[PDB]
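Visitor: One structure coming up, written as structure tokens, with questions to follow.
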Amino acid sequence: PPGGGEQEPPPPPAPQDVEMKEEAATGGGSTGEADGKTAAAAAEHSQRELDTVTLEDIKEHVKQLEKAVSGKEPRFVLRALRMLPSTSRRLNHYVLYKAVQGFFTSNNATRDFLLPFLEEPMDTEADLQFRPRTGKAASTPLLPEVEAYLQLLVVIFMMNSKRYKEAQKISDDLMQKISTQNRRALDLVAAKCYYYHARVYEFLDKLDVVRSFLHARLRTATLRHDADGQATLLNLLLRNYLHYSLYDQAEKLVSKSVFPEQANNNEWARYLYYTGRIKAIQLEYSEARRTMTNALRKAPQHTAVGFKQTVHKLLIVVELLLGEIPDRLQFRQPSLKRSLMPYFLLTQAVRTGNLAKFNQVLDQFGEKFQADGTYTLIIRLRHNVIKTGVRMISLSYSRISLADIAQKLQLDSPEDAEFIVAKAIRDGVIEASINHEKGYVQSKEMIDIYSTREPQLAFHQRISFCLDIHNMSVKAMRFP
Amino acid sequence: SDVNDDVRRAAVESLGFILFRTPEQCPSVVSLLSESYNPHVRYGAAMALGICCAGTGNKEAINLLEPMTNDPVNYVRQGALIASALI
Amino acid sequence: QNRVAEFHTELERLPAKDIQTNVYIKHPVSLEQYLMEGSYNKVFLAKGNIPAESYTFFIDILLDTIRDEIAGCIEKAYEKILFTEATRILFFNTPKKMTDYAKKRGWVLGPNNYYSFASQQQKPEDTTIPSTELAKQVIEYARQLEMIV
Amino acid sequence: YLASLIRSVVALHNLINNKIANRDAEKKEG
Amino acid sequence: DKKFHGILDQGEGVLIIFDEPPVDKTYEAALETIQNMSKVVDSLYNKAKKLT
Amino acid sequence: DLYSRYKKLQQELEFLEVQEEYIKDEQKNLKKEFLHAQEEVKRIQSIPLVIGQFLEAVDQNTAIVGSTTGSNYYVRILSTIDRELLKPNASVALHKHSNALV
Amino acid sequence: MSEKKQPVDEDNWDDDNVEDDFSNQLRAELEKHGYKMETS
Amino acid sequence: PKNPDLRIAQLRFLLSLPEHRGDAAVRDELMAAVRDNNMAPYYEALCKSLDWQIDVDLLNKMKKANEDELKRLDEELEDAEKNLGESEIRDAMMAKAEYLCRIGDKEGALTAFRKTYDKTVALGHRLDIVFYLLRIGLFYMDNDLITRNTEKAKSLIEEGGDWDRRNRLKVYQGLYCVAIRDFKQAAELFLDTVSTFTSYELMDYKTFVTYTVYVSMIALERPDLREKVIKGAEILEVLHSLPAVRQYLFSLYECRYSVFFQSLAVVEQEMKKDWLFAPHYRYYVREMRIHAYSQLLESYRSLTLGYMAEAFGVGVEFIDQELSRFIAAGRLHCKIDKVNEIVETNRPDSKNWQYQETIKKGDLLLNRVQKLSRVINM
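Chains as they are written, first to last, in the entry's author numbering: chain V, 18 to 497; chain U, 608 to 694; chain d, 109 to 257; chain Z, 261 to 290; chain X, 371 to 422; chain D, 39 to 140; chain e, 1 to 9, 40 to 70; chain Y, 12 to 389.
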């Protein structure tokens, strides 16, 4: 109270006021946009959505006593909002419940009164007109309820709030859908509770009823129009099944649904991450890394968040299985410090022709290799180490014999050197030929590529792609 | 596509003869054709806006004909006065 | 059945039974390792070492899917090799297999010398012949340059 | 390289200006 | 010292005289424009980064 | 009302499509007069004419120039000529009849 | 802008390229590099 | 005060980092320690070399009573004599500050610098302070404050000075040598050697010649290189004074490769006796070797190693493995054969090489306009 109690009066009043005004003028701005000119594609819906993910998750994590976030439920309990006198009477109430909670205290939350704060604000003459107002006021309790992390009769209050939200979600999507379409926010709101619906089960058990319902929402969506609902719902079905260390790879293979067509530059970044994992595990490496790159290079506007850490951690692994490897520690991070050392020690022993240091590093760093989430390195690297030597020699020597390459590759067998190169030519490591007469192994002959119909075909890729960059960028801008 | 001004007038004067039943479409096409580069396309759009809407207080056709009568060219001022009297 | 993609994607269910113990999964994953290293000898030396019964119909197809790939690798721009090269590329000292390959395919033993036909290409390209598709590409450029304003 | 580069970046610069011009009137209409 | 246009063989002791393409000015002037185009795309990048 | 709206959404769709074709149709054909205008300004300025001198500038698209035959004139300029080129009394080009800046 | 997926997350100036090329190839460069002439 | 101070920086560096080299560096710097009143910046050189020695309190009371005699002077000056700007107060303040750089540590100097910098309205005084920042910033190799004051000097001071800046031409390249910029900026502004007197502004001149000759063989292959290093005169005489360096130049130029290794081995072994050779002794060696192979493999398409076995040096398997590392490094566009014994190269005939460049830069820009395209349009 002398030190800590004096800095108790400053935090409520103005953040109580200025956070309340911004969501009011947006919700009033969304309502007029819902009533007239539903073309709200470049409207304030997404930027308010980008506020709630960022600010309201870092501004507050507790239910904010002195009635700051805890006062939102006794404020919004008496809300009807049907007619023009009825709205003006409620606008009289909006002023009065802020003025009372600003001056004095009204109704306090003691981390247990979650059922009175969710059923009576849902009730009391509430209508199905102001749909984002209702969906926001149910989604905003879900954040401090999880961020409290007390786990004392809390899961059921999470669960009932989700089911009520889903009941309000189905009541929107089926009855009176005439020009409201709140799917642009409801997808993430569904995604946020499902992250909590996964995590709460992940504290205790698996999750499968969440996915059967997620099929059912995917069954009741995807017939209307793809409006970035199906995109995120495809990922939420996909993330758990990859997280399960059993199967469901073939379910994603037959999943003929790759057409989200837009992602707000948010989903397609991480959508291209997951399908890169699956093309990598299905031994299709060339298409994997080029879209693993396309995911990483898309959105670097992130200050050490972790998926950027994870795509970069995998991309260097699929590069090592191909054979080439550029620098990776050039953008060092305080989070990269515990991840830059094992892979750099890994790519050191791979590119060199050593084995005992390689096994020592493999024995030392296997605990991290399991904690990262790839196990196939144990089988796919011993092909790489034995082919790194033959690729470097075939790149260097134009014509090396088998008896020399057998002694150079510490092999002690001059009989399988024909078999290694025959595996190397078949697998596409290098284009050579074995003259099986005394052991002549030749290489390429011609270097002319220029007047031999190479350049035009790449050039036809450059023209057709950039005019498509052009015309899409033409249509995307002349909106007025 | 045609180049004689007479058929270019008579084509865009025919808008009112074909759309007089629905007045919610005549100011949609005239408001752009009454701002062409030549006066003739601007002129016949002014006569079409008058003969489409018969006697209804529109307040949009009035709003479109106000820069039409405010023009340097004499006859496109004329038909704007004609169309304003017709509405 | 030559499903190497299905081979690895199955290997996700076992947490720690692959390295620690359980030869019944350790024996196929050591076998796949030996196909990726390049030691055909270590395949058939390990063919006479089975934990449970013999895995006979498995190693018969495993013999079958190797020897045709070896035969598919050799039917190339090579012309003739003696019996000793087919004693190094293939195996056993005069089995019915060389008679099996003689009746089915060629590899006909003459004066201690086989004969493999050349399976290369001889296509006499001119490549100014696909000049229509090039003019097609030039026109569709100026189509896409114009025609939308 | 004249079509695919020079015509492309102009359309991108034309995209920047109108989307700024679209959002400036949109934030200041009311 | 570029006073002569040729090449030598040590394996065969064979002097070989060849020639060069005189034309290089088309591609050289072309690749410099790529540097100019690269910086303006960088200059649109940080502009679009700073303000949407 | 559920049947009455559905034809109305067809009629608004059909009325839109004849428009958006036509404005693509007009703007394709509007370029020809714009190409005539570029050719006109091109051949208006490449003809034998007299050389005068810049004297003063009034404002945008009008200036004060005089000939080398005396008798100071007052004409308009062209919008092609870069405006950051006539601070001093520099030599300019003048038509015979329009006597304007060329 | 966090994206709800985070499991977990000096000495030189820039010398990776030489070290990716040459890490340990007897950098004293005298004892075999200068001393071949006794061997031949 | 900061005149014999680069030598001290070597003797600190020569004694500290190699431990085998500890015989004479402790002999001459200990004499430099007990002289010059160097009483702040020697604790590490005493903690990293020896245990301790009592001369410490003797010098502490002398530097303190001198500083106090210097402290009582300029306070009486500013209490009796009222002149500001650049006055008797000012050259008292820099004489304190130079006493701080010579005797004390950097921290009291830099706060006396920023104090006396705001009491400057001329430009030569402001040039003098930035001369002092850069001199001490090289002494403690600080790559932080050099990023500021140089930009402060060139933009705000050097618009009125005239040929006072060749010294700061030389200090920039000196930072570029201890940095990685040893390629084309380093040799370009080392090309003018029109100062030989050695001062506060100019270090040892022979060592300046050896630096500008070692770096002028990496910038430029032979684009009439010989006009600037052989047809020059003032560089030529001082390398005519030095037989080792002059032998190294003619071996590279006239293609005497046999002695070239012997000259290169002497240099790299001598390179260890330096204070700024750290990004050199793993880089300068291999860069010259790959430059020596570049001009030798030029003009020979079917070179054999049987000519390399006696004309170039000795050995066969050593040259083979070194070429096999260098091709697999990614450079030296050639191919090697073993059993025909023909190092058969593949040089692109100036049309492939134009095409190889244009296909990289176009892909790098198409990536750059893709990545820009996805940031925009939501």
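Note that beta-carbon positions come from the ideal geometry of N, C-alpha and C, so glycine has one too.
Hey, how far is the Cα of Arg23 (chain Y) from the Cα of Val378 (chain V)?
Guide: 38 Å
Visitor: Closest to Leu95 (chain Y) by CA distance: which of Y:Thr127, Y:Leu156, Y:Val256 and Y:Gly243 is it?
Guide: Y:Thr127
Visitor: If you pair each beta-carbon of the region 83-98 of chain Y with each one of the region 48-67 of chain Y, do three or more pairs fall below 8 Å?
Guide: no
Visitor: Interface residues of chain Z around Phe496 (chain V) at Cβ under 9 Å?
Guide: Under the 9 Å cutoff, chain Z gives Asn278, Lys279 and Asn282.
Visitor: Run through chain X and tell me which residues come within less than 7 Å of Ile353 (chain Y), C-beta to C-beta.
Guide: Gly381
Visitor: Under a CB-based cut-off of 7 Å, is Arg479 (chain V) close to chain Z?
Guide: yes
Visitor: Does the beta carbon of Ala493 (chain V) come closer than 7 Å to any beta carbon on chain Z?
Guide: yes
Visitor: Just list the residues that DSSP pairs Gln459 (chain V) with in beta bridges.
Guide: V:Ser450
Visitor: For the structure I just gave you, are there three or more beta carbon pairs, one from the region 84-104 of chain D and one from the region 66-75 of chain D, closer than 8 Å?
Guide: Contact fails: fewer than three Cβ-Cβ distances are below 8 Å.
Visitor: Please tell me whether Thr249 (chain V) and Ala286 (chain V) are closer than 7 Å, where the distance is taken between their beta carbons.
Guide: Against a cut-off of 7 Å, the Cβ pair of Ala286 (chain V) and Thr249 (chain V) comes out as no contact.
Visitor: Check for me: the alpha helix (DSSP H) holding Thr100 (chain D) runs from which residue to which?
Guide: That residue, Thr100 (chain D), is in no alpha helix (DSSP H); its beta strand (DSSP E) goes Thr100 to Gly104.
Visitor: Please list the terminal residues of the continuous beta strand (DSSP E) segment that includes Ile89 (chain D).
Guide: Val88 to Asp97
Visitor: Is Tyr467 (chain V) helix, strand or coil when you go by DSSP?
Guide: coil
Visitor: Give me the Cβ distance between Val619 (chain U) and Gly651 (chain U), rounded to the nearest whole Å; I'm assuming they're in contact under 8 Å.
Guide: 4 Å
Visitor: I'd like to know whether the C-beta of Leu262 (chain Z) is nearer than 7 Å to at least one C-beta of chain V.
Guide: no
Visitor: I believe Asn252 (chain V) touches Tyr288 (chain V) by the beta-carbon criterion, under 8 Å. Please report the beta-carbon distance rounded to the nearest angstrom.
Guide: 6 Å
Visitor: Classify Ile377 (chain X) as helix, strand or coil using the three-state DSSP reduction.
Guide: strand
Visitor: Return the chain-ordered ranges of every alpha helix (DSSP H) run that is complete within the region 43-85 of chain Y and spans a minimum of 4 residues.
Guide: Listed in chain order, they are 54-58.
Visitor: Spatial neighbours of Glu90 (chain V) within its chain, please: C-beta separation below 7 Å, excluding the five flanking residues on both sides.
Guide: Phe134 and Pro138
Visitor: Tell me whether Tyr111 (chain D) sits in a helix, a strand or coil according to DSSP, three-state version.
Guide: In the structure shown, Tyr111 (chain D) falls within a coil segment according to DSSP collapsed to helix, strand and coil.
Visitor: Quick check: is the beta carbon of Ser305 (chain Y) nearer than 7 Å to any beta carbon in chain X?
Guide: no
Visitor: Grouping DSSP H, G and I as helix and E and B as strand, with all else coil, what is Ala244 (chain V)?
Guide: It is coil, neither helix nor strand.
Visitor: Mind checking if residue 353 (chain X) is an interface residue toward chain Y, Cβ cutoff 7 Å exclusive?
Guide: Any answer about residue 353 (chain X) is impossible in this case: the structure gives chain X only from 371 up to 422.
Visitor: Going along the chain, which residues of its own chain have a beta-carbon closer than 8 Å to the beta-carbon of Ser63 (chain V), five neighbours each way excluded?
Guide: So the list reads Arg201 and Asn281, once near-sequence residues are dropped.
Visitor: When we look at the beta-carbon of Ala155 (chain V) and count the other beta-carbons within 10 Å, is it buried (16 or more) or exposed?
Guide: buried
Visitor: Extract the residue ranges of the alpha helix (DSSP H) inside the region 234-312 of chain Y, only unbroken runs of 4 or more that lie entirely within it.
Guide: Restricted to the region 234-312 of chain Y, the alpha helix (DSSP H) segments that are unbroken, complete and at least 4 residues in length are 236-240, 245-252, 254-264, 268-282 and 295-308, listed in chain order.
Visitor: Closest to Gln91 (chain D) by C-alpha separation, out of D:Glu78, D:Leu73, D:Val130 and D:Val140, would be which residue?
Guide: D:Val130
Visitor: Determine which residues of the region 632-661 of chain U have a Cβ less than 8 Å from any Cβ of chain D, and write them out in chain order.
Guide: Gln632, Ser635, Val636, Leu639 and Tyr644
Visitor: Let me see if you follow: with CB-CB separation under 7 Å, is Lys440 (chain V) close to chain d or not?
Guide: Yes, because at least one Cβ of chain d sits closer than 7 Å to the Cβ of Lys440 (chain V).
Visitor: So, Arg294 (chain V) versus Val335 (chain V), is the Cβ gap smaller than 7 Å?
Guide: Between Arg294 (chain V) and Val335 (chain V), the CB-CB gap reaches or exceeds 7 Å.
Visitor: With 16 other CB atoms within 10 Å as the buried threshold, where does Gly171 (chain Y) fall?
Guide: exposed
Visitor: With which residues is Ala131 (chain D) paired in a DSSP beta bridge?
Guide: D:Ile89
Visitor: Which residues does DSSP pair with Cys345 (chain Y) in a beta bridge?
Guide: Y:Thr356
Visitor: For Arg443 (chain V), is the classification buried or exposed, using 16 other Cβ atoms within 10 angstroms of its Cβ as the cut-off for buried?
Guide: exposed
Visitor: Can you name the residues that DSSP bridges to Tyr414 (chain V)?
Guide: Y:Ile347
Visitor: Of the residues V:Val79, V:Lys115, V:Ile451 and V:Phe230, which one's Cα is nearest the Cα of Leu167 (chain V)?
Guide: V:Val79
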